[PDB]
C-alpha cells in the first residue's frame, strides 16, 4: 500500500549515510595520494627565486585582500604550502587544511615559518564554515607602529572608542594589513581581518594549485 514509500525512504536514508561514508573514504584516498606530489612540488618550487612573490603580485584577487604597502615585504616569501591533516589524523574533517608561509632572510621582515590551521565547522543552518586559530607573526619592523596587537595592549580595557586619533588610524591600517590575517579566527565578526576565509580559500585552492600558470603568465608578453 503506502507504507512501501516509507520503507523505501528509510532505505534511502540509510543508503545516503553509507554513501557519505564511501565518498569520504574515496576523497581521503585522493588526498593521501596527492599530498606527497605537492610535497615534491614544494621542494621543486623552493629552487625558483621569488616565485611566490611573482605569483602573488600578479594576482588581482590576492591584491584585493591586502594593502599596497604590504606587497614590498611579500617579496621575501620562500614557500607557501598547503597540508591536509586528514592524511595523518584520519579522525576529523577531511577538508581541514593548514597553510604555511615561510619568510627568508632579509633586512625588512624577520625570517620565520608560520603555519596557520583552518578547520571546517558545520553551521546549524546546513552549510560549511571555515574557522581558524590565531598564529603569532613577527611583523615587518617598519609596520610595528600599526600592529593592532601592540595598540590593543597599550589600550588595555580602556574604551574601544577613546583612543587617540593617531592610534585609531594606525589600528585601522593594521587591521587592513595582510599580517593581521594571521590573527583571523572567524568567530569574532566585525572585529577581525576582513574576509579571512575568502583569502584562505584563495591561497589554498587557486593560487597554490595554479601557481605555475600565474608565474608563466607573469613572465610572458
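Positions refer to the first chain, counted from 1.
Problem - 62-70 versus 162-170 - greater average Cα B-factor per the deposited record - result: Averaged over C-alpha atoms, the B-factors run higher in 162-170.
Exercise for the section: Report the stretch with the higher mean CA temperature factor, choosing between 151-159 and 192-200 on the basis of the entry. Expected result: Between 192-200 and 151-159, it is 151-159 that shows the higher mean C-alpha B-factor.
Problem - Maximum C-alpha temperature factor, selected from 128, 96, 111, 78 - result: Highest C-alpha B-factor among the listed residues goes to 128.
Practice task
Check the PDB entry and point out which of 104, 92, 140, 107 has the largest C-alpha temperature factor.
Solution key: Among 104, 92, 140, 107, the highest C-alpha B-factor in the entry belongs to 92.
Handout entry: Chain thirds of CA B-factor: placement of residue 177
Key = Within its chain, residue 177 is a lowest-third residue by C-alpha B-factor, going by the deposited values.
Practice task
Sort the modelled residues of this chain by their C-alpha B factor and say whether residue 211 lands in the lowest, middle or highest third.
Solution key: CA B-factor rank for residue 211: middle third.
Handout entry: CA B-factor placement of residue 35, once the chain's modelled residues are sorted into thirds
Key = Lowest third.
Handout entry: residue 115 CA temperature factor, ranked by third within the chain
Key = As the PDB entry reports it, the C-alpha B-factor of residue 115 lands in the lowest third of its chain.
Handout entry: Third of chain Cα B-factors occupied by residue 100
Key = Lowest third - that is where residue 100 ends up once the chain's C-alpha B-factors are sorted.
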